[PDB]
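J.: I am attaching a structure below and will ask some questions about it afterwards.
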Amino acid sequence: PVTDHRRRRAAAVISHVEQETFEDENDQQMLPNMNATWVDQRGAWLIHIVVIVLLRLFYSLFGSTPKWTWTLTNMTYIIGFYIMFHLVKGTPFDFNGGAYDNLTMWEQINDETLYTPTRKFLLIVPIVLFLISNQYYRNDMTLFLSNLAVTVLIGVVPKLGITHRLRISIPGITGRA
Amino acid sequence: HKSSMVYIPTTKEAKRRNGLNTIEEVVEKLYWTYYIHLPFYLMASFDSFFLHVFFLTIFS
Amino acid sequence: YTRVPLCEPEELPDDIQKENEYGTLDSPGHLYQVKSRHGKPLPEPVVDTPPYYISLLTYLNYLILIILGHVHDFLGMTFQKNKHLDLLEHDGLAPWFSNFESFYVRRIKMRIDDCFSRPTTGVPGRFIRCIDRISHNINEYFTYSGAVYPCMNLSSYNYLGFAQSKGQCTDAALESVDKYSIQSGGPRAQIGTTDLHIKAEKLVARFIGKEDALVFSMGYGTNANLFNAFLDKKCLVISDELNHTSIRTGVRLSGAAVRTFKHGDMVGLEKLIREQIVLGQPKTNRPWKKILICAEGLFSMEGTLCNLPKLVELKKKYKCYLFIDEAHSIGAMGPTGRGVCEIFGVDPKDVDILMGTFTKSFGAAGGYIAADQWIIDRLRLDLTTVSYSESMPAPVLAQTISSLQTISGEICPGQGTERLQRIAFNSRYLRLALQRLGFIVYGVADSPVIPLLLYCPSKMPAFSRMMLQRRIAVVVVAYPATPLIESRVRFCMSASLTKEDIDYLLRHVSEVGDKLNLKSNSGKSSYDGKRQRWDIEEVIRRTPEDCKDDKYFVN
Ligand SMILES: C[C@@H]1CC[C@@]2(OC1)O[C@H]1C[C@H]3[C@@H]4CC=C5C[C@@H](OCCC(CO[C@H]6O[C@H](CO)[C@@H](O[C@H]7O[C@H](CO)[C@@H](O)[C@H](O)[C@H]7O)[C@H](O)[C@H]6O)CO[C@H]6O[C@H](CO)[C@@H](O[C@H]7O[C@H](CO)[C@@H](O)[C@H](O)[C@H]7O)[C@H](O)[C@H]6O)CC[C@]5(C)[C@H]4CC[C@]3(C)[C@H]1[C@@H]2C
Ligand SMILES: CCCCCCCCCCCCCCCCCCCCCCCCCCC(=O)N[C@@H](CO)[C@H](O)[C@H](O)CCCCCCCCCCCCCC
């Protein structure tokens, strides 16, 4: 071939996305992303509190016990955030030629900068929510263990210095480079 | 200086003049425009989800 | 019925058509002359913001839209396949486009598609004629009937009112057709060139102020096929993030390294220049062969000007090069119409390459490049469009030459200055009145584009549809073209409109905005630091006299 533009799907237990070449990196990422730029804007940090409050009020309008209400709201918030950020890979609109087809929205924030204030806030919020919520179901150990497992496994491990550009082939042969 | 242009009379100005509900109309506009309804199709049943007014109407 | 009808032209007397195309001035008091800034730098612009609940409502609406769209897509494409035969593999062949790459157009814009792609007819002057259509299903297909109605024009690129069928330009075009046929032989290298091309090139070079100039047939091709002539993989390009797609395509085709700096931030530009000079090429740290800076004259999306003297200072002191686009600034800005150079007083020799487009202010189609002598002589041999594409036809050349001569003053005396004064006064009056009513208006004091912000997504179709019933034509833009929070309506002013039309538009817009609750001013628009919620009659009575003073504009 005269261009050699192909996508690899190497299979291994632990694998990482290869570093971009000169043409793909220094030239095909020049314009604003329009997908991870709205994070550092007006009213982008208070909306999470509003979502949490609305979910809590909606669940309380049913008239259930505090333990079930708080467990359900924590699980729903964490699952929704995971579905929005960590699951999907790509961009809803063509960028240049498909340059961002191997990365999630979390990796694209702030041009792949590891530590920025918004990331710190996003990591801080689930811990504070868990600390506030545990006080209602301390008696039940099963629910405490379930909440701890959900928080640690979904809302903590992905947002780490490790597990950056990390892919596992157990649920499907992932594509790297 | 004459041009072949038709001028639409303005409401509240030579339309309702020569030719309680205002509060209801204003409330309806405030409820509709500030919510996401126009870019929805067939989703007029989403207003049924806003039955929380009935739930909070009953006290004690 | 489904197909677009062909409309037979109407029979009207000459005076009525002339009034329809170009208005007649009522009083000589509706003109303003533009001054030149000698040594006053541009202050940092100030923007205004609405309260928080607007942003929160916008975010909630977008979240609901995205969730419902994805749920509908999944359920529909899982539970049935007969209807979605254009997004699935057939006989071992992949579909034309992909599901995920066209989510927004299919799921959000399609429901308000009726606000885009509106067919018209006739000359696009003061009043534009539109064909009536009936929406079926959800903006899927339309049915047309043989009925046309006039509408006021605020959506066309006609700044000096040169889009007329009666005048010197039309006679010149007809005479050119009589002399030269509409045939173009081929590329300018082989047979295409004639004497009229040389006349136009020399006239353009004299008008702009440089030594030599070249003409082209398309504005897009001027940028898309220029940078590969003198750039390669060992050069750096610094460009503003708000740049046209043609420049990006040209740089991509060239292959040079691209780095962008934030709009209106000179300190970051200086830091980037220093870091790139020190560091050098990637993986080798060798010095760059050359550095080029790209910028635009007037940005259409916000109506703001670029700081030219600061860029000249940086390019001189760090030994860089400069490139300036003037598609929206030529023929409409400055005391005479030369461009931003007359606004700032900067000599045109400092800028290396200048560019422009005939269509926005002269009523034709084409483009030009202006530079020194040896640069032009080398680029003529090194260019691709000259010896591979077609040539510029004769009627367009005649129209452009007539318009440029009229604006310069060689023929039809006392017309160009009057048009420039009209457009300046109209823009200033509209901007000041809109700010006094209580709205949010962006841009510099004298800019033909007036952007009005409409934040909530559901408030765009309502405004566009309500304005149509009142016979006013508007253009609205939204995400992803604009940021998520900020959606706006763009106003394009002309020299053919009259103060009565402005008053009519102001009354109707004020009433519609009061109905839709679009007034959110935080007091930073007023120069005295107070909220402005006036009446329409007071604005109409007081603004025309007080608009000439420059103390009423924050920027
Ligand atoms: C409380 C209640 C509980 C219950 C519940 O609600 C809440 O719980 C909820 C749990 C929900 C799901 C949760 C999360 C997702 C994923 C999301 O994802 C983005 C949208 C789609 C695309 O995503 C891809 O976007 C990129 C482009 O595709 C991928 O890019 C690469 O691949 C490119 C490939 O060209 C290459 O260019 C490169 O290699 C590279 O670019 C990228 O990897 C990946 O992100 C999702 O996948 C698509 O997959 C197919 C297309 O691939 C579509 O067609 C298929 O449809 C049929 C089935 O197979 C067959 O008939 C067709 O033949 C067959 O083709 C299918 O319709 C569609 O789903 C779409 C929504 C969904 C499914 C939700 C639905 C609703 C629930 C089931 C709810 C549920 C109701
Ligand atoms: C009754 C009660 C149930 C309530 C359900 C809602 C649950 C709410 C709580 C969870 C949500 C997290 C809260 C924070 C979000 C605040 C609002 C921000 C809005 C931003 C919208 C603009 C973003 C544009 C960029 C587009 C983008 O991202 N593209 C892809 C990647 O490039 C992403 O893959 C994509 O978008 C996500 C896929 C769409 C939704 C997937 C799920 C399908 C619907 C099912 C919903 C399940 C419920 C949990 C979400």
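Quick note on naming: the chains in the structure tokens go A, B, ... in the order shown, residues restart at 1 in each chain, and ligands are numbered from 1 in order of appearance.
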Can you list every residue of chain B that has an atom at most 9 Å from chain C, with its nearest atom pair and the distance in Å to one decimal, using only C-alpha atoms, ordered by chain then number, as a tab-separated table?

T.:
residue	atom	partner	partner_atom	distance
B:1	CA	C:19	CA	6.8
B:2	CA	C:16	CA	6.1
B:3	CA	C:16	CA	5.3
B:4	CA	C:16	CA	6.8
B:5	CA	C:150	CA	6.3
B:6	CA	C:150	CA	7.5
B:7	CA	C:471	CA	7.9
B:8	CA	C:470	CA	5.9
B:9	CA	C:470	CA	8.4
B:10	CA	C:508	CA	7.2
B:11	CA	C:511	CA	8.8
B:26	CA	C:515	CA	8.0
B:29	CA	C:516	CA	7.5
B:30	CA	C:516	CA	8.0
B:32	CA	C:458	CA	8.8
B:33	CA	C:458	CA	6.1
B:34	CA	C:456	CA	7.0
B:35	CA	C:61	CA	6.8
B:36	CA	C:61	CA	5.4
B:37	CA	C:458	CA	7.1
B:38	CA	C:458	CA	5.9
B:39	CA	C:111	CA	5.6
B:40	CA	C:111	CA	7.4
B:41	CA	C:111	CA	7.6

J.: Emit the selected residues as a compact mmCIF listing (two decimals), in the first residue's frame, including C-alpha atoms.

T.:
# COMPACT_ATOMS: atom_id res chain seq x y z
CA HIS B 1 -42.39 56.23 -3.65
CA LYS B 2 -44.57 53.10 -3.66
CA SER B 3 -43.48 49.47 -3.39
CA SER B 4 -45.43 46.22 -3.80
CA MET B 5 -45.15 45.19 -0.15
CA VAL B 6 -47.93 44.21 2.26
CA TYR B 7 -47.69 45.32 5.89
CA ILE B 8 -49.07 42.96 8.54
CA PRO B 9 -51.01 44.80 11.28
CA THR B 10 -49.54 44.26 14.73
CA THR B 11 -51.49 42.56 17.49
CA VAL B 26 -48.79 33.85 29.81
CA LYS B 29 -46.26 30.19 27.27
CA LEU B 30 -43.94 30.11 30.29
CA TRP B 32 -44.21 25.46 27.18
CA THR B 33 -41.29 27.52 25.88
CA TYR B 34 -38.95 26.91 28.84
CA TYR B 35 -39.38 23.13 28.48
CA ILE B 36 -38.30 20.83 25.65
CA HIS B 37 -41.46 20.20 23.63
CA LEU B 38 -41.10 21.61 20.09
CA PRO B 39 -38.20 19.34 18.94
CA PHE B 40 -40.27 16.39 20.18
CA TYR B 41 -42.64 14.46 17.92

J.: Around ligand 1, at most 9 Å away and counting only C-alpha atoms and all ligand atoms, which residues are there? Put them as an MDAnalysis selection string, please.

T.: (chainID A and resid 7 83:84 87:92 98 100:102 104 174:175) or (chainID C and resid 67 70:81 87:89 98:101)

J.: Find the residues near region 108-114 of chain A: any atom within 6 Å, counting only C-alpha atoms, skip ones fewer than 2 places away on the same chain, and give them as a PyMOL selection string.

T.: chain A and resi 36+105-106

J.: Write the selection just made, keeping C-alpha atoms, as a PDB file, in the first residue's frame?

T.:
ATOM      1  CA  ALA A  36     -15.208  17.803  25.559  1.00  0.00           C
ATOM      2  CA  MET A 105     -15.131  11.241  26.387  1.00  0.00           C
ATOM      3  CA  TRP A 106     -13.165  10.987  29.642  1.00  0.00           C
TER       4      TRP A 106
END

J.: Residue 430 (chain C): which residues within 12 Å, counting only C-alpha atoms, same-chain residues fewer than 4 positions away excluded, as a ChimeraX atom specification?

T.: /C:423-426,434-437,439,441,445-452,491-494,497-507,509,539-540,543-544,547

J.: Please write the residues from the selection above to a file, keeping C-alpha atoms, as a PDB file, in the first residue's frame.

T.:
ATOM      1  CA  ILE C 423     -24.941  51.228   5.953  1.00  0.00           C
ATOM      2  CA  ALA C 424     -22.984  52.748   8.853  1.00  0.00           C
ATOM      3  CA  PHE C 425     -26.023  54.636  10.147  1.00  0.00           C
ATOM      4  CA  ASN C 426     -28.329  51.629   9.774  1.00  0.00           C
ATOM      5  CA  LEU C 434     -31.620  46.632  20.329  1.00  0.00           C
ATOM      6  CA  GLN C 435     -29.329  47.246  23.304  1.00  0.00           C
ATOM      7  CA  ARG C 436     -31.680  49.912  24.685  1.00  0.00           C
ATOM      8  CA  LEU C 437     -34.696  47.593  24.441  1.00  0.00           C
ATOM      9  CA  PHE C 439     -31.645  42.352  24.489  1.00  0.00           C
ATOM     10  CA  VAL C 441     -26.170  42.179  21.050  1.00  0.00           C
ATOM     11  CA  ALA C 445     -20.257  49.501  17.235  1.00  0.00           C
ATOM     12  CA  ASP C 446     -20.215  49.593  13.410  1.00  0.00           C
ATOM     13  CA  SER C 447     -20.531  46.025  12.110  1.00  0.00           C
ATOM     14  CA  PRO C 448     -23.069  44.885   9.478  1.00  0.00           C
ATOM     15  CA  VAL C 449     -23.684  41.629  11.407  1.00  0.00           C
ATOM     16  CA  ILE C 450     -25.821  41.894  14.551  1.00  0.00           C
ATOM     17  CA  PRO C 451     -26.009  38.621  16.513  1.00  0.00           C
ATOM     18  CA  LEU C 452     -28.923  38.291  18.953  1.00  0.00           C
ATOM     19  CA  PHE C 491     -28.855  40.034  11.163  1.00  0.00           C
ATOM     20  CA  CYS C 492     -27.326  41.232   7.884  1.00  0.00           C
ATOM     21  CA  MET C 493     -27.907  44.920   7.167  1.00  0.00           C
ATOM     22  CA  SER C 494     -27.895  46.568   3.743  1.00  0.00           C
ATOM     23  CA  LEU C 497     -33.176  49.457   3.732  1.00  0.00           C
ATOM     24  CA  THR C 498     -34.881  52.536   5.167  1.00  0.00           C
ATOM     25  CA  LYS C 499     -35.523  53.807   8.695  1.00  0.00           C
ATOM     26  CA  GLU C 500     -39.242  52.999   8.401  1.00  0.00           C
ATOM     27  CA  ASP C 501     -38.410  49.333   7.792  1.00  0.00           C
ATOM     28  CA  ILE C 502     -36.104  49.399  10.822  1.00  0.00           C
ATOM     29  CA  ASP C 503     -38.917  50.839  12.957  1.00  0.00           C
ATOM     30  CA  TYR C 504     -41.347  48.171  11.715  1.00  0.00           C
ATOM     31  CA  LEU C 505     -38.835  45.416  12.487  1.00  0.00           C
ATOM     32  CA  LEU C 506     -38.091  46.926  15.903  1.00  0.00           C
ATOM     33  CA  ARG C 507     -41.760  47.034  16.909  1.00  0.00           C
ATOM     34  CA  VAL C 509     -39.243  42.077  17.311  1.00  0.00           C
ATOM     35  CA  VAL C 539     -36.438  54.491  21.605  1.00  0.00           C
ATOM     36  CA  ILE C 540     -37.751  55.429  18.153  1.00  0.00           C
ATOM     37  CA  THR C 543     -32.099  56.914  19.303  1.00  0.00           C
ATOM     38  CA  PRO C 544     -31.689  58.381  15.754  1.00  0.00           C
ATOM     39  CA  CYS C 547     -26.689  57.310  17.798  1.00  0.00           C
TER      40      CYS C 547
END

J.: If you run DSSP over the backbone, which residues in region 282-503 of chain C end up strand (DSSP E or B)? Put them as an MDAnalysis selection string.

T.: chainID C and resid 291:296 298:299 304:305 321:325 353:357 367:371 441 449:453 472 475:477 488:492

J.: Against ligand 2, which residues of chain B fall within 12 Å? For each one I want the closest pair of atoms and the distance in Å (one decimal), counting only C-alpha atoms and all ligand atoms, rows by chain and increasing residue number, as JSON lines.

T.:
{"residue": "B:46", "atom": "CA", "partner": "ligand 2", "partner_atom_place_in_ligand_line": "1 (C)", "distance": 11.2}
{"residue": "B:49", "atom": "CA", "partner": "ligand 2", "partner_atom_place_in_ligand_line": "1 (C)", "distance": 9.2}
{"residue": "B:50", "atom": "CA", "partner": "ligand 2", "partner_atom_place_in_ligand_line": "1 (C)", "distance": 11.5}

J.: Based on the selection just made, write N, CA and C atoms of those residues as a CSV table (one decimal), in the first residue's frame.

T.:
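Output (out_19.csv):
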chain,number,residue,atom,x,y,z
B,46,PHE,N,-45.5,13.1,27.4
B,46,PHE,CA,-44.5,13.4,28.4
B,46,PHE,C,-45.1,14.4,29.5
B,49,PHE,N,-46.1,12.7,32.7
B,49,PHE,CA,-45.1,12.5,33.7
B,49,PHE,C,-45.1,13.7,34.7
B,50,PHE,N,-45.6,14.9,34.3
B,50,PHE,CA,-45.6,16.0,35.2
B,50,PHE,C,-47.0,16.0,36.0

J.: Compile a residue-level contact table for chain B against chain A at a cut-off of 10 Å, reporting for every qualifying residue the shortest atom pair and its distance in Å to one decimal, with only C-alpha atoms counted, rows ordered by chain and ascending number, as a Markdown table.

T.:
| residue | atom | partner | partner_atom | distance |
| --- | --- | --- | --- | --- |
| B:52 | CA | A:61 | CA | 8.1 |
| B:55 | CA | A:61 | CA | 7.8 |
| B:56 | CA | A:61 | CA | 8.6 |

J.: Could you turn the residues from that selection into a file that holds N, CA and C atoms, as a JSON list (two decimals), in the first residue's frame?

T.:
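Output saved as out.json:
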[["chain", "number", "residue", "atom", "x", "y", "z"],
["B", 52, "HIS", "N", -46.73, 15.44, 39.21],
["B", 52, "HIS", "CA", -46.25, 15.74, 40.55],
["B", 52, "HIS", "C", -47.05, 16.86, 41.20],
["B", 55, "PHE", "N", -49.68, 15.13, 43.03],
["B", 55, "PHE", "CA", -49.13, 14.45, 44.19],
["B", 55, "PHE", "C", -48.87, 15.43, 45.34],
["B", 56, "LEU", "N", -48.34, 16.61, 45.03],
["B", 56, "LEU", "CA", -48.07, 17.60, 46.07],
["B", 56, "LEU", "C", -49.30, 18.42, 46.44]]

J.: At a cut-off of 8 Å, which residues of chain A touch chain C? Count only C-alpha atoms and give the answer as a PDB file with C-alpha atoms, in the first residue's frame.

T.:
ATOM      1  CA  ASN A  26       0.162  16.831  15.261  1.00  0.00           C
ATOM      2  CA  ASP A  27      -2.125  17.600  12.299  1.00  0.00           C
ATOM      3  CA  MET A  30      -6.088  21.149  15.608  1.00  0.00           C
ATOM      4  CA  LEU A  31      -9.692  22.437  15.759  1.00  0.00           C
ATOM      5  CA  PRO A  32     -11.827  22.542  18.921  1.00  0.00           C
ATOM      6  CA  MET A  34     -16.818  20.430  20.427  1.00  0.00           C
ATOM      7  CA  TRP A  38     -18.283  22.359  27.250  1.00  0.00           C
ATOM      8  CA  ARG A  42     -20.668  28.261  32.818  1.00  0.00           C
ATOM      9  CA  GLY A  43     -22.987  26.143  34.939  1.00  0.00           C
ATOM     10  CA  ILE A  47     -25.734  20.694  37.260  1.00  0.00           C
ATOM     11  CA  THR A  91     -17.831  11.149  18.447  1.00  0.00           C
ATOM     12  CA  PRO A  92     -21.350  11.764  17.072  1.00  0.00           C
ATOM     13  CA  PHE A  93     -20.011  13.893  14.185  1.00  0.00           C
ATOM     14  CA  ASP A  94     -17.112  13.406  11.785  1.00  0.00           C
TER      15      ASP A  94
END
